[PDB]
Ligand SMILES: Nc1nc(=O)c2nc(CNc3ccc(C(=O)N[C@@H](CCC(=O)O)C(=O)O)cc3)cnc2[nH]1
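Below you will find one chain, with nothing else, as structure tokens; this is the form deposited without the ligand, and questions on how it binds or moves follow later.
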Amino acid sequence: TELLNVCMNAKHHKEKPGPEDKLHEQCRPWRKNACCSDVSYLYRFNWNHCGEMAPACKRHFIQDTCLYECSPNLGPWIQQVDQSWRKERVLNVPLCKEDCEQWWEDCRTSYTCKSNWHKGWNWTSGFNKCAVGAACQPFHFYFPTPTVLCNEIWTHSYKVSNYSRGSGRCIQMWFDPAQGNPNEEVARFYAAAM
């Protein structure tokens, strides 16, 4: 029960969700019941480290960001001993297959310089830049399959699932809250599994 409807904040204290803050207004699905209620990757992470990121690609990263900072349904995957992330450390979140497949396809035309986006950046300038010796290449050079993209980009925060949206066994990065949060059932399912 402790694993359900729970947030870890930027001081690494567990706290309840609440109405979404102003900074996360674009995180629509979470307007009612959010952990984002700053350290936000809505602006503190340079998506354009290798030229302009394509808008179709950038959308997925906004979703990814919203899910990480706002979702009260990642409790089963939160590693409480790890306080090294800006908020929670999650491990092997069962991301829905098509969310990962779409994200991969949509980022084909963008570029990046490394596979693990959680470490190894140069931050000297006040924002993240590719380090000396990290060559910009097509996105799929660093992420040749949706599996490598989803599993490696945030160092195993996600583990892409064989399940698809609607199964109740995978976490999706976005949804229409007017028909309820579909990740709620998934958290409860894995809380029980554990």
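Sequential numbering from 1, following the sequence displayed. Take the two forms, superpose them, and find the largest set of C-alpha atoms that agree within 1.5 Å; that set is the rigid core. Shifts are known only where both forms have a C-alpha.
What comes next is about the form solved in complex with the ligand, which does not appear here.
Residue stretch of 49 to 57, 149 to 157, 135 to 143, 26 to 34 approaching the ligand in the deposited bound form, non-hydrogen atom distance within 4.5 Å: It is the stretch 149 to 157.
Close approach of residue 117 to the ligand in the deposited bound form, 4.5 Å, heavy atom: Taking the distances in the deposited bound form, the answer for residue 117 is yes, it comes within 4.5 Å of the ligand.
Partner contact for residue 83 in the deposited bound form: the ligand, 4.5 angstroms, heavy atom: Within the cut-off, so yes.
Contact label in the deposited bound form: residue 121 to the ligand, heavy atom within 4.5 Å: Yes, contact at 4.5 Å.
Rigid core superposition, residue 86 Cα moves 2 angstroms or more between the shown form and the other one: It does, since the residue 86 C-alpha is displaced 2 Å or more between the shown form and the other one after the core fit.
Residue 26 C-alpha relocation of at least 2 Å between the shown form and the other one, rigid core basis: Yes, the C-alpha position differs by at least 2 Å between the shown form and the other one.
Yes/no, residue 156 Cα shift of 2 Å or more between the shown form and the other one with rigid core fixed: Comparing the forms between the shown form and the other one, which are aligned on their rigid core, residue 156 does not shift its C-alpha by 2 Å or more.
Comparison of CA distance in the deposited bound form with shown form for residue 49, residue 87, at least 3 Å: Relative to the shown form, the pair is farther apart.
Residue pair residue 88, residue 63 - Cα distance in the deposited bound form, closer or farther (3 Å or more): Compared with the form shown here, the C-alpha atoms of residue 88 and residue 63 sit farther apart in the deposited bound form, by 3 Å or more.
Shared-residue segments moving between the shown form and the other one, Cα shift 2 Å or more over 3+ consecutive positions, core-fitted: The runs that move are 8 to 15, 19 to 26, 38 to 44, 80 to 88, 132 to 134.
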